[PDB]
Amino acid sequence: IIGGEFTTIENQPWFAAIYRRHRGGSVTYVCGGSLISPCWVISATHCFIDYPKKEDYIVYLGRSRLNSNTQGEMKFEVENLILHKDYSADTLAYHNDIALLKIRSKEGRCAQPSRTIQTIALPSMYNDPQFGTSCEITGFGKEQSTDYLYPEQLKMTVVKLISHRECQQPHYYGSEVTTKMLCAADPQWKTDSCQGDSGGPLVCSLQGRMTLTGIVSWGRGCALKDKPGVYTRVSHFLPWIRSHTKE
């Protein structure tokens, strides 16, 4: 996250922190995700495409810090790692950048809601807020595009939804942005997601409810003029989601 504030898991209790275990015993952060039901965390396919083995991954919930423990966190194994069949990566962007992780603790239990762990609601199909709506993004991503280290404390910021019409202008993304994607940015270009925030939630208030409206997917640079964050448009994937989870 570029700009915005430090926060704690309590303000974003659906945020999942996803890590990869390495062959030399080392364990490193991969991506964010969101708890959409007790056994299910949604994220981005591109996070897992290079190393498709569900056994390499650990998911934490209730976690406010990147490399140290938070009181109230719960560790999970991944029972299945469901990647989109139609995922693809361009020279620029990702398509169908959505993934599901079914989680269980070594004790075979799914998420118990907590002061620090809550599920987030999916939107109604094809139902999105209007351009110019303020929304929240959360992550452990870089605080500046040039950093080599990630912050230790979770962060969040607010961005505004951009119209597909405006997102497609040539000095913004053009034809790279499809209707399966949502753009969002600061009107002054001062805040944005960044590397290491991918997979994480874009959360908007849609008809009263805090709704998961997008998944951090890509953008050129972080907080760069005319270059908004781009997100997977969740409302366009409900049937994919219902297929894979109604199990």
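When you see a residue number, it is the position in the sequence shown, counting from 1.
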Mean C-alpha temperature factor, higher of 207-215 and 39-47: 207-215
Of 162-170 and 92-100, the one with larger mean CA B-factor: 162-170
Maximum C-alpha temperature factor, selected from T138, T116, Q112, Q153: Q112
CA B-factor ranking of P13, expressed as a third of its chain: lowest
Modelled-residue ranking by C-alpha temperature factor, third containing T133: middle
Where the record places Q71 (Cα B-factor, split into thirds across the chain): middle
Third of the chain's Cα B-factor distribution that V27 belongs to, per the entry: highest
Ranked C-alpha temperature factor of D197 among modelled chain residues, by third: lowest
